[PDB]
file entry-v4.csv (CSV, N, CA and C atoms)
chain,number,residue,atom,x,y,z
A,1,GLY,N,0.8,-1.2,0.0
A,1,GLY,CA,0.0,0.0,0.0
A,1,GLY,C,0.9,1.2,0.0
A,2,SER,N,0.3,2.4,0.4
A,2,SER,CA,1.1,3.6,0.5
A,2,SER,C,2.3,3.5,1.4
A,3,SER,N,3.4,4.0,1.0
A,3,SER,CA,4.7,3.9,1.8
A,3,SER,C,5.3,5.3,1.9
A,4,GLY,N,5.8,5.8,0.8
A,4,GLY,CA,6.4,7.1,0.8
A,4,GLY,C,5.4,8.2,1.0
A,5,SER,N,5.5,9.0,2.1
A,5,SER,CA,4.7,10.1,2.5
A,5,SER,C,4.6,11.1,1.3
A,6,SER,N,3.5,11.2,0.7
A,6,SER,CA,3.3,12.1,-0.5
A,6,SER,C,1.9,12.7,-0.5
A,7,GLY,N,1.7,13.6,-1.5
A,7,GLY,CA,0.4,14.2,-1.7
A,7,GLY,C,0.4,15.2,-2.8
A,8,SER,N,0.2,16.5,-2.5
A,8,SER,CA,0.1,17.6,-3.5
A,8,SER,C,1.1,18.7,-3.1
A,9,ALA,N,1.7,19.4,-4.1
A,9,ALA,CA,2.6,20.4,-4.0
A,9,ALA,C,2.1,21.5,-3.0
A,10,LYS,N,0.8,21.9,-3.1
A,10,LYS,CA,0.2,22.9,-2.3
A,10,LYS,C,0.3,22.5,-0.8
A,11,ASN,N,0.1,21.2,-0.5
A,11,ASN,CA,0.1,20.7,0.9
A,11,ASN,C,1.5,21.0,1.4
A,12,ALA,N,2.6,20.7,0.6
A,12,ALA,CA,3.9,20.9,1.0
A,12,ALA,C,4.2,22.3,1.3
A,13,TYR,N,3.9,23.3,0.4
A,13,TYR,CA,4.1,24.7,0.7
A,13,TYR,C,3.4,25.1,2.0
A,14,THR,N,2.2,24.6,2.2
A,14,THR,CA,1.4,25.0,3.4
A,14,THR,C,2.1,24.4,4.6
A,15,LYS,N,2.5,23.1,4.6
A,15,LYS,CA,3.2,22.5,5.7
A,15,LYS,C,4.5,23.3,6.0
A,16,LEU,N,5.3,23.6,5.0
A,16,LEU,CA,6.5,24.4,5.1
A,16,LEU,C,6.3,25.7,5.8
A,17,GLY,N,5.1,26.3,5.8
A,17,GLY,CA,4.7,27.5,6.4
A,17,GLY,C,4.2,27.4,7.8
A,18,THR,N,4.0,26.2,8.3
A,18,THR,CA,3.6,25.9,9.7
A,18,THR,C,4.5,25.0,10.4
A,19,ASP,N,5.4,24.3,9.7
A,19,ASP,CA,6.4,23.4,10.3
A,19,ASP,C,7.7,24.2,10.3
A,20,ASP,N,8.0,24.7,11.5
A,20,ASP,CA,9.2,25.5,11.7
A,20,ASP,C,10.5,24.7,11.4
A,21,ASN,N,10.4,23.3,11.5
A,21,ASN,CA,11.5,22.4,11.2
A,21,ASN,C,11.5,21.9,9.8
A,22,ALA,N,10.5,22.3,8.9
A,22,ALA,CA,10.5,21.9,7.5
A,22,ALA,C,11.5,22.7,6.7
A,23,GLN,N,12.0,22.0,5.6
A,23,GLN,CA,12.9,22.5,4.7
A,23,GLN,C,12.7,21.8,3.3
A,24,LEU,N,13.0,22.5,2.2
A,24,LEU,CA,12.9,22.0,0.8
A,24,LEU,C,14.3,21.6,0.3
A,25,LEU,N,14.4,20.4,-0.2
A,25,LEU,CA,15.6,19.8,-0.8
A,25,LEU,C,15.4,19.4,-2.3
A,26,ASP,N,16.1,20.1,-3.1
A,26,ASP,CA,16.1,19.9,-4.6
A,26,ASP,C,17.0,18.8,-5.0
A,27,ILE,N,16.4,17.6,-5.3
A,27,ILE,CA,17.2,16.5,-5.8
A,27,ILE,C,17.3,16.5,-7.3
A,28,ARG,N,16.8,17.6,-8.0
A,28,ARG,CA,16.9,17.8,-9.4
A,28,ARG,C,18.3,17.8,-9.9
A,29,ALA,N,18.5,17.7,-11.2
A,29,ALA,CA,19.7,17.7,-11.8
A,29,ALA,C,20.1,19.1,-12.0
A,30,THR,N,21.4,19.4,-11.8
A,30,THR,CA,22.0,20.8,-12.0
A,30,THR,C,21.6,21.4,-13.3
A,31,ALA,N,21.4,20.6,-14.4
A,31,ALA,CA,20.9,21.2,-15.6
A,31,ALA,C,19.6,21.8,-15.5
A,32,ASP,N,18.7,21.3,-14.7
A,32,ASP,CA,17.3,21.8,-14.4
A,32,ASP,C,17.5,23.2,-13.8
A,33,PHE,N,18.4,23.4,-12.9
A,33,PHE,CA,18.7,24.6,-12.2
A,33,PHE,C,19.0,25.8,-13.1
A,34,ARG,N,19.4,25.5,-14.3
A,34,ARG,CA,19.8,26.6,-15.3
A,34,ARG,C,18.6,26.9,-16.2
A,35,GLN,N,17.7,25.9,-16.4
A,35,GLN,CA,16.5,25.9,-17.2
A,35,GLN,C,15.3,26.4,-16.4
A,36,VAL,N,14.8,25.6,-15.5
A,36,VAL,CA,13.7,25.9,-14.7
A,36,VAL,C,14.0,26.9,-13.6
A,37,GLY,N,15.2,26.9,-13.0
A,37,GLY,CA,15.6,27.8,-12.0
A,37,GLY,C,15.6,27.1,-10.6
A,38,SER,N,15.2,27.7,-9.6
A,38,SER,CA,15.1,27.1,-8.2
A,38,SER,C,13.9,27.6,-7.5
A,39,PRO,N,13.5,26.9,-6.4
A,39,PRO,CA,12.4,27.4,-5.7
A,39,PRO,C,12.7,28.7,-5.0
A,40,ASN,N,11.6,29.3,-4.6
A,40,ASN,CA,11.4,30.5,-3.9
A,40,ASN,C,10.5,30.2,-2.7
A,41,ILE,N,11.1,29.9,-1.6
A,41,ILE,CA,10.3,29.6,-0.4
A,41,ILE,C,10.5,30.6,0.7
A,42,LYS,N,11.6,31.4,0.6
A,42,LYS,CA,11.9,32.4,1.6
A,42,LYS,C,10.8,33.3,2.1
A,43,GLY,N,9.7,33.5,1.3
A,43,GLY,CA,8.5,34.3,1.7
A,43,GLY,C,8.0,33.8,3.1
A,44,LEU,N,8.2,32.5,3.4
A,44,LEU,CA,7.8,31.9,4.6
A,44,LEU,C,8.9,32.2,5.6
A,45,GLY,N,10.1,31.6,5.4
A,45,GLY,CA,11.3,31.8,6.3
A,45,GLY,C,12.3,30.7,6.3
A,46,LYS,N,12.5,29.9,5.2
A,46,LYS,CA,13.4,28.8,5.1
A,46,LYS,C,14.4,29.0,3.9
A,47,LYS,N,15.3,28.1,3.7
A,47,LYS,CA,16.3,28.2,2.5
A,47,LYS,C,16.4,26.8,1.9
A,48,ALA,N,16.3,26.8,0.5
A,48,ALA,CA,16.4,25.5,-0.2
A,48,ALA,C,17.8,24.9,-0.1
A,49,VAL,N,18.0,23.6,-0.4
A,49,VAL,CA,19.2,22.9,-0.4
A,49,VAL,C,19.2,22.2,-1.8
A,50,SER,N,20.3,22.2,-2.5
A,50,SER,CA,20.5,21.5,-3.8
A,50,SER,C,21.5,20.4,-3.7
A,51,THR,N,21.1,19.2,-3.9
A,51,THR,CA,21.9,18.0,-3.9
A,51,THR,C,21.4,17.0,-4.9
A,52,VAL,N,22.1,16.8,-6.0
A,52,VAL,CA,21.7,15.9,-7.1
A,52,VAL,C,21.7,14.5,-6.6
A,53,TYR,N,20.5,13.9,-6.4
A,53,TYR,CA,20.4,12.5,-6.0
A,53,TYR,C,20.8,11.5,-7.1
A,54,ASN,N,21.3,10.3,-6.8
A,54,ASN,CA,21.7,9.3,-7.7
A,54,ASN,C,21.7,8.0,-6.8
A,55,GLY,N,21.2,6.9,-7.3
A,55,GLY,CA,21.3,5.6,-6.5
A,55,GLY,C,22.7,5.2,-6.3
A,56,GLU,N,23.6,5.5,-7.2
A,56,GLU,CA,25.0,5.2,-7.0
A,56,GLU,C,25.7,6.0,-5.9
A,57,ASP,N,25.1,7.2,-5.6
A,57,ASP,CA,25.6,8.2,-4.6
A,57,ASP,C,24.8,8.2,-3.4
A,58,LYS,N,23.9,7.2,-3.1
A,58,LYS,CA,23.1,7.2,-1.8
A,58,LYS,C,23.8,7.7,-0.6
A,59,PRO,N,24.9,7.1,-0.2
A,59,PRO,CA,25.7,7.5,1.0
A,59,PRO,C,26.4,8.9,0.8
A,60,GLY,N,27.0,9.1,-0.4
A,60,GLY,CA,27.7,10.4,-0.7
A,60,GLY,C,26.7,11.6,-0.8
A,61,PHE,N,25.5,11.3,-1.0
A,61,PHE,CA,24.4,12.3,-1.1
A,61,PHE,C,23.9,12.6,0.3
A,62,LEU,N,23.6,11.5,1.1
A,62,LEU,CA,23.1,11.6,2.5
A,62,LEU,C,24.0,12.5,3.4
A,63,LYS,N,25.3,12.3,3.3
A,63,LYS,CA,26.3,13.0,4.1
A,63,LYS,C,26.1,14.5,4.0
A,64,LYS,N,25.9,15.0,2.8
A,64,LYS,CA,25.7,16.4,2.5
A,64,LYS,C,24.5,17.1,3.2
A,65,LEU,N,23.5,16.3,3.6
A,65,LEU,CA,22.4,16.7,4.3
A,65,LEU,C,22.7,16.8,5.8
A,66,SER,N,23.2,15.7,6.4
A,66,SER,CA,23.6,15.6,7.8
A,66,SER,C,24.6,16.7,8.1
A,67,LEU,N,25.4,17.1,7.1
A,67,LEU,CA,26.4,18.1,7.4
A,67,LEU,C,25.9,19.6,7.3
A,68,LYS,N,24.6,19.7,6.9
A,68,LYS,CA,24.0,21.1,6.8
A,68,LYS,C,22.9,21.3,7.8
A,69,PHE,N,22.1,20.2,8.1
A,69,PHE,CA,21.0,20.2,9.0
A,69,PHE,C,21.6,19.8,10.4
A,70,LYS,N,21.4,20.7,11.4
A,70,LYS,CA,21.9,20.4,12.7
A,70,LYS,C,21.3,19.1,13.3
A,71,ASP,N,20.0,19.1,13.3
A,71,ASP,CA,19.2,17.9,13.8
A,71,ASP,C,18.4,17.3,12.7
A,72,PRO,N,19.0,16.4,11.9
A,72,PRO,CA,18.3,15.7,10.9
A,72,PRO,C,17.1,15.0,11.4
A,73,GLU,N,17.2,14.3,12.6
A,73,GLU,CA,16.1,13.6,13.3
A,73,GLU,C,15.0,14.5,13.7
A,74,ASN,N,15.0,15.8,13.5
A,74,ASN,CA,13.9,16.7,13.8
A,74,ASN,C,13.5,17.5,12.6
A,75,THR,N,14.4,17.5,11.5
A,75,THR,CA,14.1,18.3,10.3
A,75,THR,C,13.3,17.5,9.3
A,76,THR,N,12.4,18.2,8.6
A,76,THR,CA,11.5,17.6,7.6
A,76,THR,C,12.1,18.0,6.3
A,77,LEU,N,12.4,17.0,5.4
A,77,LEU,CA,13.0,17.3,4.1
A,77,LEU,C,12.0,17.0,2.9
A,78,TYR,N,11.3,18.0,2.5
A,78,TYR,CA,10.4,18.0,1.4
A,78,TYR,C,11.2,17.7,0.1
A,79,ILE,N,11.0,16.6,-0.6
A,79,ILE,CA,11.7,16.3,-1.9
A,79,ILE,C,11.2,17.2,-3.0
A,80,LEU,N,12.0,17.3,-4.1
A,80,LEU,CA,11.7,18.1,-5.3
A,80,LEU,C,12.6,17.6,-6.4
A,81,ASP,N,12.0,16.9,-7.4
A,81,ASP,CA,12.6,16.4,-8.6
A,81,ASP,C,11.8,17.0,-9.8
A,82,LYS,N,12.3,16.9,-11.0
A,82,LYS,CA,11.6,17.3,-12.2
A,82,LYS,C,10.2,16.7,-12.2
A,83,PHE,N,10.1,15.4,-11.9
A,83,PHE,CA,8.9,14.6,-11.9
A,83,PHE,C,8.9,13.7,-10.6
A,84,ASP,N,8.5,12.5,-10.8
A,84,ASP,CA,8.4,11.5,-9.7
A,84,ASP,C,9.9,11.1,-9.4
A,85,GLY,N,10.6,10.6,-10.4
A,85,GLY,CA,12.0,10.2,-10.3
A,85,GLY,C,12.3,9.2,-9.2
A,86,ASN,N,12.6,9.8,-8.0
A,86,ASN,CA,13.0,9.0,-6.8
A,86,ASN,C,12.4,9.6,-5.6
A,87,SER,N,11.5,10.6,-5.7
A,87,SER,CA,10.9,11.3,-4.6
A,87,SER,C,10.4,10.4,-3.4
A,88,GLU,N,9.6,9.3,-3.7
A,88,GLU,CA,9.2,8.5,-2.6
A,88,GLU,C,10.3,7.6,-2.0
A,89,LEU,N,11.2,7.1,-2.8
A,89,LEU,CA,12.4,6.3,-2.4
A,89,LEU,C,13.3,7.1,-1.5
A,90,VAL,N,13.6,8.4,-1.9
A,90,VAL,CA,14.4,9.3,-1.1
A,90,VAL,C,13.7,9.7,0.1
A,91,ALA,N,12.3,9.8,0.1
A,91,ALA,CA,11.6,10.1,1.3
A,91,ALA,C,11.8,9.1,2.4
A,92,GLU,N,11.8,7.8,2.0
A,92,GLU,CA,12.1,6.7,2.9
A,92,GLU,C,13.6,6.6,3.3
A,93,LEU,N,14.5,6.9,2.3
A,93,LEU,CA,15.9,6.9,2.5
A,93,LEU,C,16.4,7.7,3.7
A,94,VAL,N,16.0,8.9,3.8
A,94,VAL,CA,16.3,9.8,4.9
A,94,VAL,C,15.7,9.3,6.2
A,95,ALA,N,14.5,8.9,6.1
A,95,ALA,CA,13.7,8.4,7.2
A,95,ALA,C,14.4,7.2,7.9
A,96,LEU,N,14.8,6.3,7.1
A,96,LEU,CA,15.5,5.0,7.5
A,96,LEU,C,16.9,5.4,8.1
A,97,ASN,N,17.5,6.4,7.5
A,97,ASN,CA,18.8,6.9,8.0
A,97,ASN,C,18.7,7.4,9.4
A,98,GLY,N,17.7,8.3,9.6
A,98,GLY,CA,17.5,8.9,10.9
A,98,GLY,C,16.7,10.2,10.9
A,99,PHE,N,16.5,10.8,9.7
A,99,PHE,CA,15.8,12.1,9.6
A,99,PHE,C,14.4,11.9,10.1
A,100,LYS,N,13.7,13.0,10.5
A,100,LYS,CA,12.4,12.9,11.0
A,100,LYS,C,11.4,12.4,10.0
A,101,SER,N,11.1,13.1,9.0
A,101,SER,CA,10.1,12.7,8.0
A,101,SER,C,10.4,13.5,6.7
A,102,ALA,N,9.8,13.2,5.6
A,102,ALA,CA,10.0,13.8,4.3
A,102,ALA,C,8.6,13.7,3.5
A,103,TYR,N,8.5,14.5,2.5
A,103,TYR,CA,7.3,14.5,1.7
A,103,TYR,C,7.7,14.5,0.2
A,104,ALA,N,7.2,13.5,-0.6
A,104,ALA,CA,7.5,13.4,-2.0
A,104,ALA,C,6.4,14.2,-2.7
A,105,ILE,N,6.8,15.4,-3.3
A,105,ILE,CA,5.8,16.2,-4.0
A,105,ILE,C,5.6,15.6,-5.3
A,106,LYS,N,4.5,14.7,-5.3
A,106,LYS,CA,4.0,14.0,-6.4
A,106,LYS,C,3.8,15.0,-7.6
A,107,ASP,N,4.3,14.6,-8.7
A,107,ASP,CA,4.4,15.2,-10.0
A,107,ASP,C,5.7,16.0,-10.3
A,108,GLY,N,6.5,16.1,-9.3
A,108,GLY,CA,7.8,16.9,-9.4
A,108,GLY,C,7.4,18.4,-9.5
A,109,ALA,N,8.4,19.2,-9.9
A,109,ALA,CA,8.2,20.6,-10.1
A,109,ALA,C,7.7,21.0,-11.5
A,110,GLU,N,7.8,20.1,-12.5
A,110,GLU,CA,7.4,20.4,-13.9
A,110,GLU,C,6.1,19.6,-14.3
A,111,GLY,N,5.6,18.7,-13.5
A,111,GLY,CA,4.4,17.9,-13.9
A,111,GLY,C,3.2,18.7,-14.1
A,112,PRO,N,2.0,18.1,-14.5
A,112,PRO,CA,0.8,18.7,-14.7
A,112,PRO,C,0.2,19.5,-13.5
A,113,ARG,N,0.6,19.1,-12.3
A,113,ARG,CA,0.2,19.8,-11.1
A,113,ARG,C,1.5,19.9,-10.2
A,114,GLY,N,2.6,20.1,-10.8
A,114,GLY,CA,3.9,20.2,-10.0
A,114,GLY,C,3.9,21.6,-9.3
A,115,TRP,N,5.1,21.9,-8.7
A,115,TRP,CA,5.3,23.2,-8.0
A,115,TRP,C,4.7,24.4,-8.8
A,116,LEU,N,5.2,24.6,-10.0
A,116,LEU,CA,4.7,25.7,-10.8
A,116,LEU,C,3.2,25.6,-11.1
A,117,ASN,N,2.7,24.5,-11.5
A,117,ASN,CA,1.3,24.3,-11.8
A,117,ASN,C,0.4,24.1,-10.6
A,118,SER,N,0.9,24.7,-9.5
A,118,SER,CA,0.2,24.7,-8.2
A,118,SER,C,0.1,26.1,-7.6
A,119,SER,N,0.4,27.2,-8.5
A,119,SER,CA,0.4,28.6,-8.1
A,119,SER,C,1.4,28.9,-7.0
A,120,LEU,N,2.4,28.1,-6.8
A,120,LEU,CA,3.5,28.3,-5.9
A,120,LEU,C,4.5,29.3,-6.5
A,121,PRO,N,5.2,30.1,-5.7
A,121,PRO,CA,6.2,31.0,-6.2
A,121,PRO,C,7.4,30.3,-6.6
A,122,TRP,N,8.2,30.8,-7.5
A,122,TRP,CA,9.5,30.2,-7.9
A,122,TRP,C,10.5,31.2,-8.4
A,123,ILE,N,11.8,30.9,-8.4
A,123,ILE,CA,12.9,31.8,-8.9
A,123,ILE,C,13.4,31.2,-10.2
A,124,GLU,N,12.9,31.7,-11.3
A,124,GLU,CA,13.3,31.3,-12.6
A,124,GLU,C,14.6,32.0,-13.0
A,125,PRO,N,15.4,31.4,-13.9
A,125,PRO,CA,16.7,32.0,-14.3
A,125,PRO,C,16.4,33.1,-15.3
A,126,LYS,N,17.5,33.6,-15.9
A,126,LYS,CA,17.3,34.7,-16.9
A,126,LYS,C,16.7,34.1,-18.2
A,127,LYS,N,15.4,34.4,-18.4
A,127,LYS,CA,14.7,34.0,-19.6
A,127,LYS,C,15.1,34.8,-20.7
A,128,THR,N,14.8,34.4,-21.9
A,128,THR,CA,15.1,35.1,-23.2
A,128,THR,C,13.8,35.0,-24.0
A,129,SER,N,13.5,36.1,-24.8
A,129,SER,CA,12.3,36.2,-25.6
A,129,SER,C,12.5,35.1,-26.7
A,130,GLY,N,11.8,34.1,-26.7
A,130,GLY,CA,11.8,33.0,-27.7
A,130,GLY,C,10.5,32.1,-27.5
A,131,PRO,N,9.6,32.2,-28.5
A,131,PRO,CA,8.4,31.5,-28.5
A,131,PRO,C,8.7,30.0,-28.9
A,132,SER,N,7.7,29.1,-28.6
A,132,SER,CA,7.9,27.7,-28.9
A,132,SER,C,6.6,27.0,-29.3
A,133,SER,N,5.4,27.7,-29.3
A,133,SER,CA,4.1,27.1,-29.6
A,133,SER,C,4.0,27.1,-31.1
A,134,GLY,N,2.8,26.7,-31.6
A,134,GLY,CA,2.2,26.6,-32.9
A,134,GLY,C,0.8,26.2,-32.6
call {"tool": "encode", "arguments": {"input": "entry-v4.csv", "output": "structure tokens"}}
result
Amino acid sequence: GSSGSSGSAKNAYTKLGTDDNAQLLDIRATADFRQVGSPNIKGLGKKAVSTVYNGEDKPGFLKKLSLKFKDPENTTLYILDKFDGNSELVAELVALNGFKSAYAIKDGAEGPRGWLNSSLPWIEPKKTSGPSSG
């Protein structure tokens, strides 16, 4: 049945605004950071963390969190990938390691109801005037 704590992007932004211990962790690929940009959560009062997840780097990825979060066992790490990718797996990963809890933002940041498609604020990079429809 359900395993990885997940739901809707809006729920995560709401929880991040009432959970003083909540934080957003971008598991996206560095290439996405130049295209889509990065989240904008500071309006509440937190700071994002960027760490490219990879199954080959599970341990090497994990350390980077433990070394930034004072109390991982009390900090909530809301996942953020382009889409599903590994959001639920990584939500259990940190939990099993010792972190408090995590939330896999179903649909990622670019999905049909992702971060952007949820009316949430975001920090896009330097866009250029260039259409792409038809």
call {"tool": "residues_around", "arguments": {"input": "entry-v4.csv", "residues": "residue 117 in chain A", "least_positions_apart": "5", "cutoff": "10 Å", "atoms": "only C-alpha atoms", "output": "ChimeraX atom specification"}}
result
/A:9-10,107,109-112
call {"tool": "atom_distance", "arguments": {"input": "entry-v4.csv", "atom1": "atom C of residue 113 in chain A", "atom2": "CA of residue 12 in chain A"}}
result
11.5 Å
call {"tool": "closest_residue", "arguments": {"input": "entry-v4.csv", "among": "A:14, A:5, A:101, A:76", "to": "residue 88 in chain A", "atoms": "all atoms listed in the file"}}
result
A:5
call {"tool": "select_by_dssp", "arguments": {"input": "entry-v4.csv", "residues": "range 31-73 of chain A", "states": "strand (DSSP E)", "output": "JSON, numbers by chain"}}
result
{"A": [38, 39, 49, 50]}
call {"tool": "residues_around", "arguments": {"input": "entry-v4.csv", "residues": "residue 38 in chain A", "least_positions_apart": "3", "cutoff": "6 Å", "atoms": "only N, CA and C atoms", "output": "ChimeraX atom specification"}}
result
/A:33,122-125
call {"tool": "write_last_selection", "arguments": {"input": "entry-v4.csv", "atoms": "N, CA and C atoms", "output": "compact mmCIF listing (two decimals), in the coordinates of the input"}}
result
# COMPACT_ATOMS: atom_id res chain seq x y z
N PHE A 33 18.40 23.40 -12.90
CA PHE A 33 18.70 24.60 -12.20
C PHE A 33 19.00 25.80 -13.10
N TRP A 122 8.20 30.80 -7.50
CA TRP A 122 9.50 30.20 -7.90
C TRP A 122 10.50 31.20 -8.40
N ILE A 123 11.80 30.90 -8.40
CA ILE A 123 12.90 31.80 -8.90
C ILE A 123 13.40 31.20 -10.20
N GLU A 124 12.90 31.70 -11.30
CA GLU A 124 13.30 31.30 -12.60
C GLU A 124 14.60 32.00 -13.00
N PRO A 125 15.40 31.40 -13.90
CA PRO A 125 16.70 32.00 -14.30
C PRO A 125 16.40 33.10 -15.30
call {"tool": "closest_residue", "arguments": {"input": "entry-v4.csv", "among": "A:50, A:6, A:132, A:97", "to": "residue 24 in chain A", "atoms": "all atoms listed in the file"}}
result
A:50
call {"tool": "closest_residue", "arguments": {"input": "entry-v4.csv", "among": "A:13, A:98, A:19, A:37", "to": "residue 126 in chain A", "atoms": "only N, CA and C atoms"}}
result
A:37
call {"tool": "closest_residue", "arguments": {"input": "entry-v4.csv", "among": "A:114, A:65, A:71, A:23", "to": "residue 46 in chain A", "atoms": "only N, CA and C atoms"}}
result
A:23
call {"tool": "atom_distance", "arguments": {"input": "entry-v4.csv", "atom1": "CA of residue 83 in chain A", "atom2": "atom C of residue 70 in chain A"}}
result
28.4 Å
call {"tool": "closest_residue", "arguments": {"input": "entry-v4.csv", "among": "A:30, A:40, A:11, A:119", "to": "residue 105 in chain A", "atoms": "only C-alpha atoms"}}
result
A:11
call {"tool": "atom_distance", "arguments": {"input": "entry-v4.csv", "atom1": "CA of residue 3 in chain A", "atom2": "CA of residue 86 in chain A"}}
result
13.0 Å
call {"tool": "closest_residue", "arguments": {"input": "entry-v4.csv", "among": "A:62, A:116, A:48, A:25", "to": "residue 95 in chain A", "atoms": "only C-alpha atoms"}}
result
A:62
